[PDB]
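[1] Below: the sequence, then the experimentally determined structure.
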Amino acid sequence: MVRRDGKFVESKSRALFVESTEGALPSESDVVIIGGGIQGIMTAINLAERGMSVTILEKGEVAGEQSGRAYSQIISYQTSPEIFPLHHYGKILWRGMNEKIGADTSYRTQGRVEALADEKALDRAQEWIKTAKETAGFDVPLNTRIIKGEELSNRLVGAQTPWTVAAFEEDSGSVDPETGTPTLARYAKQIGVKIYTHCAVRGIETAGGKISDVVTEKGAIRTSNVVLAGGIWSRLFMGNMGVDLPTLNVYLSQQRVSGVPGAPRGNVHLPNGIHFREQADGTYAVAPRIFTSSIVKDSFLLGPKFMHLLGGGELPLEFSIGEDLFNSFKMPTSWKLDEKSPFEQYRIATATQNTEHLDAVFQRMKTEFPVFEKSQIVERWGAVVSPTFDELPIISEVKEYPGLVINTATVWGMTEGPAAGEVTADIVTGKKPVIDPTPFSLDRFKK
Ligand SMILES: Cc1cc2nc3c(=O)[nH]c(=O)nc-3n(C[C@H](O)[C@H](O)[C@H](O)COP(=O)(O)OP(=O)(O)OC[C@H]3O[C@@H](n4cnc5c(N)ncnc54)[C@H](O)[C@@H]3O)c2cc1C
Ligand SMILES: Nc1ccccc1C(=O)O
C-alpha cells in the first residue's frame, strides 16, 4: 500500500522574524531580487557591496521556506568535481561571515564524522578524499581524512556499535537555519538592501529584449536586472514566462532534540540511519534523511529525467499520494499580472511532517547513544526541496529574457549560498565569475 499522508500546506516561519523595510516600494532599483531565502539574501549582499541599489521581494517571511528549515550541515564531503568548488568556497566564506557582518550568524566550525560500513564504503571515501585534496582551490587545503581506533571512539563517545573507520571532515560547518538567514537579512538591510515581506512578485514585464519592471501585489518597480531566487516556486514562476525549469518537489521532515551530558559533539553520520548535528544553542538537529515524493502532475511531466532517482536507484525514497495530486492539477501555471497569483495563497509553504520517520531516527539514535534516552523532543517540522534531475544547481542567465538571472534548484543551498550569491552577482554585472558557472547553465537542458 502506498502512503497517503504527505501534504503541501500553508504554514508559518520557524525562523527569526525580519521586519520589512518601512514605507512604499521604490519606483526603481538597479536590481530586483525575487525571494528572501539564503540565495536571494547572499546575492543581494554581493550586489549592494558593489554599489548597486537592491530590493528583495518576499511573498511571506525571510527564511520562511527551505532556508529556515534545513538540517544545515555545511560540508564539501563527497561532492562532484563541478560542485566541490561551490562548497569549498562556501565554507571559506561562512568562516568569515560573522566578522564581515559584525554579528553572530550561528555559524560554527565543528567537524563531521561519518562512520563507514564496509571496505567498499572505505574505498569510496579514500578515493574521493585523495582526488579532492589535489584539486582543493582558493589556496585553502582540504581538511578531510580517514580516522580509526582511539581517535574515532573518542569522537563517537558512547557508541554501542564498534565502528572501526570513518571519514572526518574536520572543518565542516554548522549554521542554525532559524538564525543564519535572518541575521544575514539584517546585515543586508544595514548596507542598504531594501526587503519587503508579505509582498509577492507576480511577474516581469519585458519588451523588445529588455526587462522594464517587476510587478508585485503592491505595485511595480522599474529595473532592467532581475534575480529569481524563488526556491521551490522558481519553476512555477518561469512557467508563466514560457521557460521550463526541470525541478521536482521532494518532502522532508526535521527535528530538534535536547542536548545531554556525554553526547558526541559536532556532526555525526552513521550508516545505520543516524544523523545529528549539534546546534549553537545546545540542542541537536536530527535528520531522518528519508525522501518522500508526493505524486503530482509534475511527477508525470518530469518523470523520465528523474527516474534514475525518482522511485529508481537505491536511495531512501517513498511514494505518497493524496490531495496534492488533485490540487496540482488545479494549480494555475499561468496568471495575468493584475490578478491574484498562486504566491499570494501559499506565502510560507511547507510539507506536513512525518512523525513516524522522526520517531524512528530518534529511537535509533537512543539505541546507538544511550545518553539520549534522557533527551526530549524540542521541535519538529516538515519541509520541501526542489532539486533538478542532474545534481547540479541552476545559476544562469535566461537567454530568452535579457537581464534575468536565476539562482535556484539546489539541495545544498545553506553551504553553497555565499558562493552562489557571488557567482550570481558576477553574472548580473558581467564580471568574470569567481567560479565558472557553465556547469550550472540552463543551456545544459537544451536539445
Ligand atoms: C530538510 C532540509 C534539509 C536541508 N539540509 C541542508 C544541509 O544540511 N546543507 C545544505 O547546504 N543545504 C541544506 N538544505 C538546502 C537549503 O535549505 C536550500 O538549498 C536553500 O535554503 C535554498 O535557498 P533559496 O534561497 O534558494 O530558497 P528558499 O529558502 O526556499 O527561499 C525562496 C524564497 O522565495 C520566496 N518566493 C518564492 N516565489 C516568490 C515570488 N513570486 N515573490 C516573492 N517571493 C517569492 C519564498 O517565499 C521563499 O522564502 C536543506 C533543505 C531542506 C528542505
Ligand atoms: N542536504 C540535504 C538536502 C535535503 C535533505 C537532507 C539533506 C541533508 O544533508 O541531510
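    Structure received. Numbering: from 1, shown residues only. Ligands and ions are numbered 1, 2, ... in the order given.
[2] Do a quick rundown of the helices in the chain.
    38-49, 84-95, 97-101, 119-135, 149-155, 177-190, 234-239, 297-306, 323-330, 355-368, 413-429 (DSSP state H).
[3] Quick one, which of these gets closest to residue 226.
    helix 413-429 (9.0 Å; CB to CB). All C-beta atoms are positioned from the backbone trio N, CA, C, and that covers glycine.
[4] Can you give me the neighbour number for residue 305?
    15 (other CB atoms under 10 Å).
[5] how about it, what does it touch?
    Residue 305 makes contact with 246, 389, according to CB atoms under 8 Å, 6 or more residues apart in numbering.
[6] Quickly list what the nearest residue to residue 108 once chain neighbours are set aside is bridged to.
    With CB to CB, 6 or more residues apart in numbering as the criterion, residue 108 has its nearest non-adjacent residue at 5.0 Å, and that residue is residue 174. With DSSP bridges applied, residue 174 shows beta-bridge pairing to residue 73, residue 108.
[7] residues in contact with residue 174?
    Contacts of residue 174 by CB under 8 Å, 6+ apart are 72-74, 106-108, 110, 266-267, 277-280.
[8] nearest to residue 365, of those?
    residue 277 (11.9 Å).
[9] That closest one - how many residues pack around it?
    Neighbour tally, residue 277, other CB under 10 Å: 26.
[10] before we move on, what about the one 4 residues further on?
    When neighbours are defined as other CB under 10 Å, residue 281 has 13 of them.
[11] Pretty sure it sits against residue 108.
    No: look at residue 281 against residue 108 with CB atoms under 8 Å: they stay out of range, at 10.8 Å.
[12] Quickly note the distance from residue 283 to residue 371.
    Distance of residue 283 to residue 371, computed by CB to CB, to the nearest Å: 14 Å.
[13] These two - which one has more neighbours?
    A count of neighbours by other CB under 10 Å puts residue 283 above the other of residue 283 and residue 371, at 18 against 15.
[14] neighbours around the residue nearest to that one when sequence neighbours are not counted, how many?
    Spatially, and ignoring its direct neighbours in sequence, residue 283 is nearest to residue 256 (4.5 Å; CB to CB, 6+ apart). Per other CB under 10 Å, the neighbour tally for residue 256 reads 21.
[15] now the one 3 residues further on
    Residue 259 sits with 16 neighbouring residues when counted by other CB under 10 Å.
[16] who's in contact with it?
    278, 282, 283, 284, 375.
[17] Please identify the residues of this structure in proximity to ligand 1?
    34-40, 57-60, 64-67, 69-73, 200-201, 229-233, 237, 252, 254, 343, 383, 385, 408, 410-415 (CB under 6 Å from any ligand atom).
[18] Looking at these, which are in strands?
    34, 57, 73, 201, 252, 254, 383, 385, 408 (DSSP state E).
[19] quick one: the third one from residue 332, how far?
    Right, the one you point to is residue 73. In terms of CB to CB, residue 73 sits 36 Å off from residue 332.
[20] can you check the last one too?
    When distance is defined by CB to CB, residue 408 is 20 Å away from residue 332.
[21] Comparing these two, which shows the higher neighbour count?
    residue 408 (31 against 12).
[22] Run through the bridge partners of the more buried one.
    The partner residues for residue 408, given DSSP bridges, come to residue 394.
[23] returning to that earlier point: can you pick the most crowded of the contacts of residue 174?
    Counting neighbours by other CB under 10 Å, residue 74 leads the contacts of residue 174 with 30 neighbours.
[24] ok, now which ones touch that one?
    90, 91, 94, 107, 172, 173, 174, 175, 414, 415.
[25] So which residues on the stretch 1-150 of the chain come close to ligand 2?
    Near ligand 2, when you scan the stretch 1-150 of the chain using CB under 6 Å from any ligand atom, you find 71, 73.
[26] Residue in the stretch 1-150 of the chain with the shortest distance to ligand 2?
    Closest to ligand 2 within the stretch 1-150 of the chain is residue 71: 4.2 Å, counting by CB to the nearest ligand atom.
[27] now do the stretch 301-447 of the chain
    residue 411 (3.9 Å).
[28] Help me confirm that that residue comes into contact with residue 387.
    Yes: contact criterion CB under 8 Å: residue 411 and residue 387 qualify, at 4.9 Å.
[29] Just the closest of the contacts of residue 174 to residue 402, please.
    Of the contacts of residue 174, the one sitting nearest to residue 402 (CB to CB) turns out to be residue 74, at 34.2 Å.
[30] measure the closest one to residue 426 for me?
    If you go by CB to CB, the gap between residue 74 and residue 426 works out to 22 Å.
[31] ok, residue 333 - how many residues close by?
    Neighbours of residue 333 (other CB under 10 Å): 11.
[32] And for it, nearest residue in space, chain neighbours not counted?
    That would be residue 239: by CB to CB, 6+ apart, it lies 4.9 Å from residue 333.
[33] Contacts only, for residue 328.
    Residue 328 touches 296, 297, 298, counting by CB under 8 Å, 6+ apart.
[34] and those residues as TSV, adding neighbour count and distance to ligand 2?
    Shown next, in TSV, are the contacts of residue 328 (neighbours: other CB atoms under 10 Å; distance: CB to the nearest ligand atom, whole Å):
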residue	neighbour count	distance to ligand 2
296	22	19
297	16	22
298	19	18
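[35] from these, which is closest to ligand 1?
    Nearest to ligand 1 out of those is residue 298 (CB to the nearest ligand atom; 16.3 Å).
[36] Would you agree residue 276 is in contact with residue 267?
    Yes: assessed by CB under 8 Å, residue 276 is found in contact with residue 267 at 7.5 Å.
[37] which residues touch residue 36?
    18, 56, 57, 58, 61, 62, 63, 64, 181, 185, 195, 197.
[38] Any idea how many residues pack against the residue of the stretch 151-300 of the chain found nearest ligand 1?
    Minimum separation of the stretch 151-300 of the chain from ligand 1 (CB to the nearest ligand atom) falls at residue 231, amounting to 2.4 Å. A total of 26 residues lie near residue 231 under the criterion other CB under 10 Å.
[39] how close does it get to residue 433?
    22 Å.
[40] again with residue 417
    Taking CB to CB, one finds residue 417 at 15 Å from residue 433.
[41] cool, residue 239 as well?
    27 Å.
[42] okay, now residue 47: neighbour count?
    Neighbours of residue 47 using other CB under 10 Å come to 26.
[43] correct me, but it touches residue 428?
    Yes: look at residue 47 against residue 428 with CB under 8 Å: they come within range, at 6.4 Å.
[44] List the contacts of the residue of the stretch 301-447 of the chain found nearest ligand 1.
    Across the stretch 301-447 of the chain, the shortest distance to ligand 1 (CB to the nearest ligand atom) belongs to residue 413, at 2.4 Å. When contacts are counted by CB under 8 Å, 6+ apart, residue 413 is found next to 37, 38, 39, 66, 67, 70, 393, 420.
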